[PDB]
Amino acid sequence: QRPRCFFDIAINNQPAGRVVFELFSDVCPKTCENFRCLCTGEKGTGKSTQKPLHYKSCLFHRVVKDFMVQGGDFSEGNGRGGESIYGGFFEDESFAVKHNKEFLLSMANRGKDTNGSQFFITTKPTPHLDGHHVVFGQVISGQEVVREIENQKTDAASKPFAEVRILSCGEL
C-alpha cells in the first residue's frame, strides 16, 4: 500500500538524476498524503500562500554536510514559506520511526504541530530530532543524488550557491 514518489533533480540547471522515496503511509498517513500531493500538484493552490501546492521547481534551500538536506519551501524558497495541503500546518502524527540512519525523509517545522511542506533527508543519523520531527519515508533509489546535493558549497544561510531544483516530481 505504501506509495512511491520521485524528484528529478538539477544542480545549476544540469540534471543530476532521480531520487525515489517510499512513504510510510501505514505509520503517518496524513503526513504521507501531504507529501504525495505536493509531488503531484493535485490539490491546487495553497490557502494562505496562494501559490501552487507543488514541489515542481522547488529548491533544496538548506544543506549541511554530515547532517541533512532540506527543501520544500515552494512559496519563498528560503525556509520561511511553505504550507500543507490542509491549509496552514498540521499536527505531528507519529514519533514511532527513529532518525537512526541516513536517507530518512522527515518533516521540517517551526515547533510543535507546525508541519507544512518542508522536509529533510537525513545524511547521517539524527537521533536528537526524535520527538521533534516526524519521520515518514525513506529514499529507495538515488542515494548518490542526495550525496551530491549534500556536497554542495553553501552560503552563510547554508543555502547552496548552485541552485538545487526539483525539475519534475510525482508519484510512481
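From 1 onward, residues are counted along the sequence shown.
The stretch with the higher mean CA B factor, choosing between 43-51 and 142-150, is 43-51. In this entry, the residue among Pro29, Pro125, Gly137, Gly116 with the greatest C-alpha B factor is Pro125. For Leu23, the recorded CA temperature factor ranks within the lowest third of the chain's modelled residues.
For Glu91, the recorded CA temperature factor ranks within the middle third of the chain's modelled residues. Sort the chain's modelled residues by C-alpha temperature factor and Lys56 lands in the middle third, per the entry.
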